[PDB]
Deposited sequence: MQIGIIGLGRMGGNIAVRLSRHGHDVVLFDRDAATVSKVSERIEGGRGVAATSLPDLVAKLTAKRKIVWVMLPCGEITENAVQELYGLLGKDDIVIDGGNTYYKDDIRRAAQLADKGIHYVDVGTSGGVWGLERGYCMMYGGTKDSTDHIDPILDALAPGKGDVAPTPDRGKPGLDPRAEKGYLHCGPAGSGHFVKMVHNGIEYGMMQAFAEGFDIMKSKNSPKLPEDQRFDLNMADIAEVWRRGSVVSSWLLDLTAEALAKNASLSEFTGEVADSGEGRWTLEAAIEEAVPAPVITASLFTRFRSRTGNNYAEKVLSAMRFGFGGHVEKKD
């Protein structure tokens, strides 16, 4: 199949390359022509066309149904591209938003684009060589049509042990290949958002445990209550056969082996948006979510010094 790709950052460029390596043709565009030419040089021979604008890209899509994948900075930039494509595309064409879009915008865009018969698909991704775990929303018609593109990008079943009771109606076998049609437009970015919220919580659980172990050698403790524990070795031993074995643990063991004191790191952690939006979904649904909440607030506080709340505490105490 042929697909246009707008946005050639790390993920957009890699997506184009992996598609071209799996027998699909790509039409490439990015605001920066040097990035366009770099990705063109990375794409398998003759599997690619470079466009110079969005209209030129659309004109270069010659299949019955034009498919355009947008991988742009979330927000106004992605919205601008979507509206321009809304003007340039027509009935049964397909727009895929692979960005970290707030899922409610996906619901809105899909409704607008449907007034012209344009199908909207939101893809949340979690690479070039290993494939992309994908959670996506849209109509059955459009997601069926683009199934070959997604199958090309997905990791496939791999060598992990299969989940035992999966042979039943209601369970989509494509989930075992690492890509899942989650429901209508917006549901893919919604599931990806919660995936990131869970990830935040897992990260904070590990981070707290390692802090507790590191601080078991604290001067504030009496010497006979101290242990001088080896952080990198503990992360490593947990990699094999423990209940906490996980991709996150693997990363932590690599970072601790490099520099166990973590002296090279500030500890100032951003939150990309998905954490906040996960908490908002919890609020909307009256779901208690203390772990994702604690993870988000730890991130907020890591970026400031002492904040006004803490100054209020000191002021109250002094007033005693």
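- Of the deposited sequence, the ranges 127-130, 325-332 have no C-alpha coordinates according to the record.
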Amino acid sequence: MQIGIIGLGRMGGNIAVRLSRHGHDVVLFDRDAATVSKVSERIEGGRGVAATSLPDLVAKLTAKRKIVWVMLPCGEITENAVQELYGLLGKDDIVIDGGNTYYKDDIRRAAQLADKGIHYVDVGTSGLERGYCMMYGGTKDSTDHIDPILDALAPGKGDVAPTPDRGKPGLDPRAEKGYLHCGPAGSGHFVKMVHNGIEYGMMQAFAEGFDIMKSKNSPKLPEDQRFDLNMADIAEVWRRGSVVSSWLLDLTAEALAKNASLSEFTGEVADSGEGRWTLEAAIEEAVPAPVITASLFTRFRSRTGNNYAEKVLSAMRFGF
From here on, numbers count along this sequence of modelled residues.
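- Of the two segments, 255-263 and 40-48, the one listed with the higher mean B-factor is 40-48 (C-alpha atoms only).
- Here the stretch with the larger average CA B-factor, out of 83-91 and 203-211, is 83-91.
- Based on the entry's C-alpha B-factors, the most elevated value among 125, 78, 143, 246 belongs to 78.
- Residue set 177, 181, 216, 220: peak C-alpha B-factor at 220 (per PDB entry).
- Remark: residue 279 belongs to the lowest third of its chain, ranked by C-alpha B-factor as recorded.
- The PDB entry assigns residue 309 a C-alpha temperature factor belonging to the lowest third of its chain's modelled residues.
- In the PDB entry, residue 18 places in the middle third of its chain by CA B-factor.
- In the PDB entry, a CA B factor belonging to the lowest third of its chain's modelled residues is recorded for residue 197.
- Among all modelled residues in its chain, residue 112 ranks in the middle third by Cα B-factor.
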